[PDB]
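Following: one structure in structure tokens, then a few remarks.
Numbering (the authors' numbering), first residue to last: -1 to 3, 5 to 202.
Now the structure itself:
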């Protein structure tokens, strides 16, 4: 036997509705996460400052993620980028909200990293993952997307858009590339390698 040794969030109450009740569009995870942040802001259950949008990508925009609903089974989906929500609960236990995972929604941080992300040690280097972590308040204040990246060469949708107007701010109608970028000189928040990300938020 081994006992864990920071309070355990055994009675943790999710910060969002159940997965099937959440606003969701396939291939628009940046907006699915934005909508979760907006729910948390308006629900008055948790401080928004406990939550973060997390972009996952790399220089070549090819990242594997396992346990994804788009590819049932034991193989990864290779995304250009993917976005999830991280809630660092007040006791310190972190939870990941990924509407696209087959893992629980929400899922304990360490389990998500173990099963969905996996180690980068034996991964071919051009596939290794980096993480941009943005405070949910900053994400709501600053993110904008005009969805122009989701059109084919003739201007028609590659995947159907979410059923509400494009997210825009007073400052921008499109800055999605500044969140997908893993250059720390660009954009908002902090950029971590996988080992830095797990060191920062893991148990």
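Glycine residues also receive a C-beta, built at the ideal position from the N, C-alpha and C atoms.
Since residue i and residue j should fall inside the 8 Å C-beta cutoff, what is the C-beta to C-beta distance between them, to a whole number of angstroms?
i: residue 132; j: residue 69; result: Contact flag wrong, Cβ pair sits at about 24 Å.
i: residue 30; j: residue 166; result: 6 Å
i: residue 33; j: residue 138; result: 7 Å
i: residue 50; j: residue 85; result: 7 Å
i: residue 4; j: residue 3; result: Residues lacking coordinates in the chain include everything strictly between 3 and 5, among them residue 4.
Here's a check: name, in chain order, each residue in its chain whose Cβ is nearer than 8 Å to the Cβ of residue i, leaving out the five neighbours to either side.
i: residue 57; result: 125, 126, 127, 128, 129, 181
i: residue 101; result: 66, 67, 68, 71
Whose CA, out of the options, lies closest to the CA of residue i?
i: residue 122; options: 61, 145, 141, 17; result: 61
i: residue 20; options: 104, 45, 10, 12; result: 104
i: residue 59; options: 34, 193, 197, 179; result: 179
i: residue 200; options: 45, 66, 88, 41; result: 88
i: residue 116; options: 92, 153, 55, 165; result: 55
i: residue 13; options: 96, 197, 176, 90; result: 96
i: residue 74; options: 169, 114, 155; result: 114
i: residue 64; options: 149, 79, 38; result: 79
i: residue 82; options: 120, 35, 169; result: 35
i: residue 18; options: 52, 98, 140, 53; result: 98
i: residue 171; options: 156, 146, 198; result: 146
i: residue 164; options: 198, 43, 144, 120; result: 144
i: residue 192; options: 41, 22, 37, 120; result: 120
Could you pull out every residue in the same chain whose Cβ sits closer than 7 Å to the Cβ of residue i, ignoring the five residues on either side in sequence?
i: residue 109; result: 201, 202
i: residue 136; result: 47, 48
Report yes or no: is there a C-beta of chain B within less than 8 Å of the C-beta of residue i?
i: residue 27; result: This model lacks chain B altogether; it includes just one protein chain.
Spatial neighbours of residue i within its chain, please: CB distance less than 6 Å, with the 5 preceding and 5 following residues excluded, ordered by chain position.
i: residue 24; result: 161
Whole alpha helix (DSSP H) runs in the segment 156 to 191 with 4 or more residues, listed along the chain?
-> 176 to 179
Could you pull out every unbroken beta strand (DSSP E) segment of at least 3 residues lying fully inside the segment 32 to 112, listed in chain order?
-> 50 to 56, 62 to 64, 76 to 78, 81 to 87, 93 to 96
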